[PDB]
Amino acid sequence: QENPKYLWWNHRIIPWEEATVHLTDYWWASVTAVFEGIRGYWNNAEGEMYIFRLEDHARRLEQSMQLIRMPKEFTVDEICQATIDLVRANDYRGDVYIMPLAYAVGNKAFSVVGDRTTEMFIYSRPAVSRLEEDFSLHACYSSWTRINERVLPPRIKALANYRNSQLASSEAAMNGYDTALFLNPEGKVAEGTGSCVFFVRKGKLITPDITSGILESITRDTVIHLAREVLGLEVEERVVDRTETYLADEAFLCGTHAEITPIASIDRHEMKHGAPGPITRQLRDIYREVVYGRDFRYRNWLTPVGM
């Protein structure tokens, strides 16, 4: 009904309905699973889809797989080509969200994987952008602590990490908030439940540094480049404290799926300059012109699909 015509699985583009499996097949594998979120952005005027920083996502997926210790099976170039092929084959001409997901198949046990082989699918579906809309969310700080390198490295884009995200997002929802921010075990600001967080204070952009215990977000990376290069902003990656964020002029989440999400308040402290505030607005607009292929300066970040 509302399923794509195809997916990619284990080196092959296949009709959706051929990837039928048993209920009991993938539960143990899910504990090993790592994934990527990738957007294809549809430029109607050009009649072209641009995949955003596809190679960087493919590379991070390879790194995640490596950190899980999955044997080599899929190259970066194969992941990139498979993605292009799948988006083309699906023949949906609109904004999409693409999820490669890799998993090890080994022991029918959760505790220990043993002898394993590596498998992977890529799943592409329509997904709206909101880059043309001005909106914002109310955030709280969670009473649950972010995973850290001691227990579950946040660098690894593992499915299991999201159980931690879920503790926080479920608490935000029952406590009257749209979204939750995490503190790390040391009590410093880490990231959102599915994205990284930026603060604007006195004309400066401030974001937790990578060793704060966060995923090395590609949207985050993009934003830092755009802030420095297009807007000439000072950007500090540093340790960030909870109460300083209460006083931010502006704040936003960023991630592939969430794009640039302005934050109106944090623990009910309202960002002084609104949401999206002036600087967030500029970053959001620049980002949108980049990802839709309307900004020649950042062409190398885009992979045209050819449809």
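Residue indices: 1-based, along the sequence shown.
K.L.:
So 40-48 or 253-261, which one's hotter by mean CA B-factor in the entry?
P.N.:
The entry gives the higher C-alpha B-factor average to 40-48.
K.L.:
Out of 109-117 and 211-219, which one has CA B-factors that are higher on average in the deposited record?
P.N.:
Higher mean C-alpha B-factor: 109-117.
K.L.:
Tell me which of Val76, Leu183, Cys196, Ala168 tops the list for C-alpha B factor in the record.
P.N.:
Among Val76, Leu183, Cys196, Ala168, the highest C-alpha B-factor in the entry belongs to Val76.
K.L.:
In this PDB entry, which of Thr145, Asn175, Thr179, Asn90 has the top CA B-factor?
P.N.:
In the PDB entry, the greatest C-alpha B-factor among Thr145, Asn175, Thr179, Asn90 is found at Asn90.
K.L.:
Of the three thirds of its chain by CA temperature factor, lowest, middle or highest, which one includes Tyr97?
P.N.:
According to the entry, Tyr97 has a C-alpha B-factor in the chain's lowest third.
K.L.:
Comparing against every modelled residue in the chain, figure out the third that the C-alpha B-factor of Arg69 lands in (lowest, middle or highest).
P.N.:
Top third by C-alpha B-factor.
K.L.:
Would you please rank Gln282 by its C-alpha temperature factor against the other modelled residues of its chain and give the third it falls in: lowest, middle or highest?
P.N.:
Ranked within chain, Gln282 CA B lands in the highest tercile.
K.L.:
Where does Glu237 sit by CA temperature factor within its chain: lowest, middle or highest third?
P.N.:
Answer is middle: the recorded C-alpha B-factor places it there.
K.L.:
Which third of the chain does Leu131 land in by C-alpha B-factor: lowest, middle or highest?
P.N.:
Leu131: CA B-factor falls in the middle third of its chain.
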